Amino acid sequence: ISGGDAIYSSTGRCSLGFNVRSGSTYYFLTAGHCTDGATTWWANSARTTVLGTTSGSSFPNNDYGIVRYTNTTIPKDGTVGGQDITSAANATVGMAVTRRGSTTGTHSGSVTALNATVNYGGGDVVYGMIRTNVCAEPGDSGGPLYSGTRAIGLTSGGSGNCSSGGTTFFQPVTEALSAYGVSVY
Amino acid sequence: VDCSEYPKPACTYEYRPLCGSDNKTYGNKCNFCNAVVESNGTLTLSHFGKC
């Protein structure tokens, strides 16, 4: 399993952001709104292949979560689909980026703003967000935003759609790596 | 599902489908509710889950 692939919790389906590790411990990152209240994660809609269990979750305010792998045989690729990821970086205005998610696949675009505040309502406000002109749709939450072999962010939310065009906000991945003390590989 | 707090400028993108009266599967409530608004209250919920 790699960045962009579906992940299923008790409640719905999200996308795997990035495979990360600390020491000999493998985890994956996804959106915090996805990890909020989820315990176990599976690889398939049938909930037959276990992946692991949530170890952390930060939403709202931020929008990142981490799940610890408990499945021993599943390959945990350090990629996004076939794409190798070798490092993490800070987004910059004008940066060309690509997103991958479980519903819409791969779409590209560019970073249009930094430090955006997005209000999803009912007190769910997130801060510090990367704004882009990449589209995304339900199911794509938590998938990776990357640029070449660099990890940049995790899909959080936005408006519009892939047919007509949209704006998507992403949580900086650097922030998540630092909070959990993990790194991409 | 109540769409009174709608519209919303942004929606999160987890997938928990709802089936609209237009026969379209809406990927989550936020998405469904903004469509209801955009349709000026014409669109309704047929049932939960994919159409």
# chains A, B, ... in the order shown; residues from 1 in each chain; ligands from 1

call {"tool": "interface_residues", "arguments": {"of": "chain B", "to": "chain A", "cutoff": "6 Å", "atoms": "only C-alpha atoms", "output": "PyMOL selection string"}}
result
chain B and resi 10-16+27

call {"tool": "residues_around", "arguments": {"residues": "residue B:21", "least_positions_apart": "2", "cutoff": "12 Å", "atoms": "only C-alpha atoms", "output": "list in words"}}
result
residues 18, 19, 23, 24, 25, 26, 32, 35, 36, 39, 41, 42, 43, 44, 45, 46, 47, 48, 50 and 51 of chain B

call {"tool": "write_last_selection", "arguments": {"atoms": "C-alpha atoms", "output": "PDB file, in the first residue's frame"}}
result
ATOM      1  CA  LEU B  18     -25.676   9.779   0.522  1.00  0.00           C
ATOM      2  CA  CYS B  19     -28.117   9.257  -2.325  1.00  0.00           C
ATOM      3  CA  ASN B  23     -30.072   9.993  -8.400  1.00  0.00           C
ATOM      4  CA  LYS B  24     -26.595  11.237  -7.779  1.00  0.00           C
ATOM      5  CA  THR B  25     -24.395   9.773  -5.066  1.00  0.00           C
ATOM      6  CA  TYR B  26     -23.055  12.694  -2.882  1.00  0.00           C
ATOM      7  CA  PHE B  32     -24.763  16.974  -0.329  1.00  0.00           C
ATOM      8  CA  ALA B  35     -25.792  21.004  -3.435  1.00  0.00           C
ATOM      9  CA  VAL B  36     -29.152  21.324  -1.652  1.00  0.00           C
ATOM     10  CA  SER B  39     -30.385  24.040  -5.858  1.00  0.00           C
ATOM     11  CA  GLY B  41     -33.768  23.680  -1.627  1.00  0.00           C
ATOM     12  CA  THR B  42     -35.058  21.628  -4.526  1.00  0.00           C
ATOM     13  CA  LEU B  43     -32.740  18.590  -4.064  1.00  0.00           C
ATOM     14  CA  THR B  44     -33.693  16.151  -1.290  1.00  0.00           C
ATOM     15  CA  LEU B  45     -32.291  12.977   0.353  1.00  0.00           C
ATOM     16  CA  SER B  46     -33.448   9.752  -1.195  1.00  0.00           C
ATOM     17  CA  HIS B  47     -31.592   7.506   1.212  1.00  0.00           C
ATOM     18  CA  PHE B  48     -28.237   6.945   2.933  1.00  0.00           C
ATOM     19  CA  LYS B  50     -24.631   5.209  -2.627  1.00  0.00           C
ATOM     20  CA  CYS B  51     -27.396   5.509  -5.108  1.00  0.00           C
TER      21      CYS B  51
END

call {"tool": "residues_around", "arguments": {"residues": "residue A:180", "least_positions_apart": "4", "cutoff": "12 Å", "atoms": "only C-alpha atoms", "output": "ChimeraX atom specification"}}
result
/A:20-22,25-29,55-58,64-68,173-176,184

call {"tool": "select_by_dssp", "arguments": {"residues": "chain B", "states": "alpha helix (DSSP H)", "output": "list in words"}}
result
residues 29, 30, 31, 32, 33, 34, 35, 36, 37 and 38 of chain B

call {"tool": "write_last_selection", "arguments": {"atoms": "N, CA, C and O atoms", "output": "PDB file, in the first residue's frame"}}
result
ATOM      1  N   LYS B  29     -21.965  14.407   3.641  1.00  0.00           N
ATOM      2  CA  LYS B  29     -23.034  15.336   3.918  1.00  0.00           C
ATOM      3  C   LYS B  29     -22.725  16.754   3.545  1.00  0.00           C
ATOM      4  O   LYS B  29     -23.602  17.506   3.094  1.00  0.00           O
ATOM      5  N   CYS B  30     -21.498  17.173   3.780  1.00  0.00           N
ATOM      6  CA  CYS B  30     -21.153  18.581   3.457  1.00  0.00           C
ATOM      7  C   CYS B  30     -21.357  18.879   1.952  1.00  0.00           C
ATOM      8  O   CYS B  30     -21.914  19.898   1.497  1.00  0.00           O
ATOM      9  N   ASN B  31     -20.871  17.950   1.149  1.00  0.00           N
ATOM     10  CA  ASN B  31     -21.028  18.034  -0.273  1.00  0.00           C
ATOM     11  C   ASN B  31     -22.534  18.028  -0.638  1.00  0.00           C
ATOM     12  O   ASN B  31     -23.021  18.879  -1.390  1.00  0.00           O
ATOM     13  N   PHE B  32     -23.308  17.065  -0.062  1.00  0.00           N
ATOM     14  CA  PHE B  32     -24.763  16.974  -0.329  1.00  0.00           C
ATOM     15  C   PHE B  32     -25.484  18.274   0.054  1.00  0.00           C
ATOM     16  O   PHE B  32     -26.245  18.852  -0.720  1.00  0.00           O
ATOM     17  N   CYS B  33     -25.221  18.745   1.270  1.00  0.00           N
ATOM     18  CA  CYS B  33     -25.827  19.970   1.762  1.00  0.00           C
ATOM     19  C   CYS B  33     -25.500  21.240   0.955  1.00  0.00           C
ATOM     20  O   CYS B  33     -26.313  22.151   0.860  1.00  0.00           O
ATOM     21  N   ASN B  34     -24.290  21.392   0.426  1.00  0.00           N
ATOM     22  CA  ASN B  34     -24.027  22.545  -0.387  1.00  0.00           C
ATOM     23  C   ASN B  34     -24.812  22.447  -1.722  1.00  0.00           C
ATOM     24  O   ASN B  34     -25.261  23.459  -2.232  1.00  0.00           O
ATOM     25  N   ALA B  35     -25.024  21.223  -2.239  1.00  0.00           N
ATOM     26  CA  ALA B  35     -25.792  21.004  -3.435  1.00  0.00           C
ATOM     27  C   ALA B  35     -27.240  21.360  -3.185  1.00  0.00           C
ATOM     28  O   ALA B  35     -27.860  21.954  -4.044  1.00  0.00           O
ATOM     29  N   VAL B  36     -27.765  20.977  -2.011  1.00  0.00           N
ATOM     30  CA  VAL B  36     -29.152  21.324  -1.652  1.00  0.00           C
ATOM     31  C   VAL B  36     -29.304  22.844  -1.705  1.00  0.00           C
ATOM     32  O   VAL B  36     -30.204  23.382  -2.359  1.00  0.00           O
ATOM     33  N   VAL B  37     -28.373  23.559  -1.062  1.00  0.00           N
ATOM     34  CA  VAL B  37     -28.361  25.021  -1.094  1.00  0.00           C
ATOM     35  C   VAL B  37     -28.310  25.561  -2.511  1.00  0.00           C
ATOM     36  O   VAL B  37     -29.087  26.453  -2.897  1.00  0.00           O
ATOM     37  N   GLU B  38     -27.353  25.070  -3.246  1.00  0.00           N
ATOM     38  CA  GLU B  38     -27.174  25.519  -4.597  1.00  0.00           C
ATOM     39  C   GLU B  38     -28.380  25.288  -5.462  1.00  0.00           C
ATOM     40  O   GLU B  38     -28.617  26.006  -6.439  1.00  0.00           O
TER      41      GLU B  38
END

call {"tool": "closest_residue", "arguments": {"among": "A:97, A:182, A:145, A:125", "to": "residue B:9", "atoms": "only C-alpha atoms"}}
result
A:125

call {"tool": "select_by_dssp", "arguments": {"residues": "chain B", "states": "strand (DSSP E)", "output": "ChimeraX atom specification"}}
result
/B:11-12,18-20,25-26,45-48

call {"tool": "residues_around", "arguments": {"residues": "residue A:144", "least_positions_apart": "4", "cutoff": "7 Å", "atoms": "only C-alpha atoms", "output": "PyMOL selection string"}}
result
chain A and resi 3-4+17-18+99-100+153-155

call {"tool": "atom_distance", "arguments": {"atom1": "atom CA of residue B:8", "atom2": "atom CA of residue A:131"}}
result
16.9 Å
